[PDB]
Protein chains: 2
Amino acid sequence: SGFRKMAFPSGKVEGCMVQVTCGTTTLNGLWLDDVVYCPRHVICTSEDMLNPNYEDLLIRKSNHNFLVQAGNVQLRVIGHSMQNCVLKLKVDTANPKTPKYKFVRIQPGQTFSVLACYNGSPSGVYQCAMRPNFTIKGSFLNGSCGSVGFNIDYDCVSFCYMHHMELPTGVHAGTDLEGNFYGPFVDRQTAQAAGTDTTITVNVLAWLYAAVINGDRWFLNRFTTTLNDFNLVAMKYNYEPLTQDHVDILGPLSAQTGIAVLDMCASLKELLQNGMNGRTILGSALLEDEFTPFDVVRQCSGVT
Amino acid sequence: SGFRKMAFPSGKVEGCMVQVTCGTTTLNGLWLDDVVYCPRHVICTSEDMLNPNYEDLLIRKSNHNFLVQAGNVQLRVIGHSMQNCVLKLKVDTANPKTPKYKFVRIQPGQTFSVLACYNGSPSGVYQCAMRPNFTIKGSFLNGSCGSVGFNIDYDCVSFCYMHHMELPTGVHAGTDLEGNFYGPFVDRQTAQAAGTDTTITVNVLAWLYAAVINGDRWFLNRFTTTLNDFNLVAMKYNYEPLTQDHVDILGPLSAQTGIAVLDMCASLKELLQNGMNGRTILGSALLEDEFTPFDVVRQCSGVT
Ligand SMILES: O=C(Cc1cccc(Cl)c1)Nc1nnc2ccccn12
Ligand SMILES: O=C(Cc1cccc(Cl)c1)Nc1nnc2ccccn12
């Protein structure tokens, strides 16, 4: 029992973190096989970030200008290329700690763990989600760029995020491992505002199922609703529309608890309309949306 | 910017997790040097847990009855001993992945990371605190016993907790690595209720400082208070008494923000008396008490 915002064990990813320096900029790189991935803005000076032409800036850079250090030992760079907003630095040595891995591009609402790093060294691990506005609510300081987001399935690490930027509102933007940003963000020091940060409805419902499994049941009511009626309420409260696909994904949690998905929707509808009334659910005084249905099942079953 | 419930990177501890089986019970062990530490209740059957005499039960056990598996390879047990509520299994091989380490006994209010494990395999990592009633609010299922709690200082892992038990209220109890339980709990299936779970005042104030550093400032008011006046309010709300030692530990956060500790106490006093009024602080609708002043400084400075 008990329900926590749990991250994946980070060891497999710690073994991949390296430091990359170009000129006077130092950030993090991810070393998998004989390639080191890092944000392309490592080639930029402070003045370059306002309006950078990355292709032009990269012409002035050679393999020997990219300093890559793995722990206390230097890696030899034998090639470099730009793929979208990331640089791929080919080194002469395969990372002996390379886990089984995949590069995945996640959808909004999906969660992942972040290993925050500075100077190629891990500082901490936390769980977060790709918001519906394509930002992440992370905890990153200067030097954290190149820190990665990932999920693990037994022995395979699926890398889904690389940190690039902090918006003026304190929210974070980054790319997948192919260097494509999530959302409309660009790697430039320019006016980039985030859209509406709506609540991930399917995740809230999964977390309400987690609460029932753990004994917090005060919010269960005698009501039911329909997808259309629920969705009218969800629109009013800036919650994402619930689809039949979301209902289907909640099937195993509905089966485990015996609470029909639409009945849980009616409980969520009353919580939105009436508030918590000073009460808590799973130690939270607000409705938590950064646990997916898969996360709830995984945590409640003990998948290693 | 951004503030998250962040755990230490878990790799150094993942390299120490092993599976221990005695009879039909399987739980986790911690392998450091040539010793494997695990809860002594691994020797108990389901019927033994009601009123176990551990010394008597242990007489019927020999080295070959403790099966220790590190990954897929079996460790040879060449000695066994009971130290308080833990068993120390001497194996013939030093763990080649043993990090620099210490065993520490923490005080209530102190935080640590937990690497939840099943069958010697890591499932997840989360941050928690030793509650003032000596329980922890973890996320543990059957098979999680022997999972450990730890803090890391650069390269040294300080182990502070080993999971032993879940109370009937869904809260968790365990020992330090010398096998002494935190609080009055015993490793028996018996009536053990937890005391008042008071709020860790010094941690709430540290988290209010973290909020100011990250831009959440709505709760700052025009008031001040004294330690004695504040403590009258803290008693009323089941908050721990704030001492001058706590004020001193908050000094660096007071210096960074320019907000005197007693002024922050007055802000906390108004939050206790008036509530949040439907507002949030650092994405929370309640006052968070599982970040110590050291955690706030560490996260806000990027210590690796
Ligand atoms: O935002 C930047 C630098 C940058 C500026 C403009 C565009 C790009 Cl791609 C990168 N670095 C960064 N990332 N997280 C944090 C957190 C705190 C301070 C700086 N942070
Ligand atoms: O509580 C026990 C077994 C036990 C019973 C009585 C005394 C002792 Cl020392 C140990 N195991 C356990 N620990 N965390 C969880 C979580 C879910 C189920 C069981 N859990």
Side-chain angles (χ1 to χ4, degrees), chain A residues 1-3 25-28 38-52 54 85-86 114 116-118 135-136 138-147 162-175 179 181 185-192 213-215 300 302, chain B residues 1-3 25-28 38-52 54 85-86 114 116-118 135-136 138-147 162-175 179 181 185-192 213-215 300 302:
Chain A
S1 80
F3 206 74
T25 305
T26 291
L27 42 59
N28 307 282
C38 78
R40 64 173 180 177
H41 75 248
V42 72
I43 69 174
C44 300
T45 74
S46 52
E47 206 204 314
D48 281 331
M49 287 315 303
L50 307 177
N51 196 13
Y54 286 100
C85 300
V86 299
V114 172
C117 291
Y118 299 89
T135 65
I136 75 164
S139 177
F140 289 115
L141 304 173
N142 194 90
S144 62
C145 306
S147 293
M162 178 169 273
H163 188 49
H164 287 239
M165 182 166 87
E166 188 169 77
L167 303 185
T169 62
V171 300
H172 305 108
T175 67
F181 264 90
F185 306 111
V186 296
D187 45 3
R188 264 188 277 137
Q189 186 50 247
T190 200
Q192 304 186 68
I213 291 170
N214 287 285
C300 296
Chain B
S1 80
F3 206 74
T25 305
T26 291
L27 42 59
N28 307 282
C38 78
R40 64 173 180 177
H41 75 248
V42 72
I43 69 174
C44 300
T45 74
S46 52
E47 206 204 314
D48 281 331
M49 287 315 303
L50 307 177
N51 196 13
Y54 286 100
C85 300
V86 299
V114 172
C117 291
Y118 299 89
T135 65
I136 75 164
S139 177
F140 289 115
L141 304 173
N142 194 90
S144 62
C145 306
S147 293
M162 178 169 273
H163 188 49
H164 287 239
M165 182 166 87
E166 188 169 77
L167 303 185
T169 62
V171 300
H172 305 108
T175 67
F181 264 90
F185 306 111
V186 296
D187 45 3
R188 264 188 277 137
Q189 186 50 247
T190 200
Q192 304 186 68
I213 291 170
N214 287 285
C300 296

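Just follow the structure's listing: the first ligand is 1, and inside any ligand the first atom is 1. Lettering of chains follows the sequences in order, A, B, ..., and the numbering in each one begins at 1.
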Would you mind running through ligand 1 and noting each atom that sits below 4.0 Å from a heavy atom of [X]?
X: A:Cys145; value: 11 (N), 12 (C), 13 (N)
X: A:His164; value: 8 (C), 9 (Cl), 10 (C)
X: A:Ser144; value: 14 (N)

Closest protein heavy atom (residue, atom, distance) for atom 5 (C) of ligand 1: A:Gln189 NE2, 3.4 Å
A:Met49 and ligand 1 - part of the residue with a heavy-atom distance under 4.0 Å: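 Side chain only; the backbone of A:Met49 stays clear of ligand 1.
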Part of A:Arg188 within contact of ligand 1 (heavy atoms, under 4.0 Å):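 Contact part for A:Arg188 vs ligand 1: backbone (N, CA, C, O).
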Quick one: does [X]'s side chain have a donor or acceptor within less than 3.5 Å of a partner on [Y]'s backbone?
X: A:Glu166; Y: A:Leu141; result: no
X: A:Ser144; Y: A:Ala116; result: no
X: A:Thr25; Y: A:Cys44; result: yes

Would you mind reporting whether [Y] and [X] have side-chain heavy atoms less than 4.5 Å apart?
X: A:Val86; Y: A:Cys38; result: no
X: B:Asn28; Y: B:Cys145; result: no
X: A:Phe181; Y: A:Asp187; result: yes

Contact (N/O only, under 3.5 Å) between A:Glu166 and ligand 1: yes
Min N/O separation A:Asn142 to ligand 1 under 3.5 Å: no
Parallel, tilted or perpendicular: ring planes of A:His172 versus A:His163, cut at 30 and 60 degrees: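 Rings of A:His172 and A:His163: perpendicular, over 60°.
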B:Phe140 neighbourhood, listing ligand 2 atoms whose heavy-atom distance to it stays under 4.0 Å: 14 (N), 16 (C), 17 (C)
Options A:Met165, A:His163, A:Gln192, ranked by nearest heavy atom to atom 14 (N) of ligand 1, top entry: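 Looking at heavy atoms only, the winner is A:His163.
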Nitrogen or oxygen atoms of B:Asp187 and ligand 2 under 3.5 Å apart: no
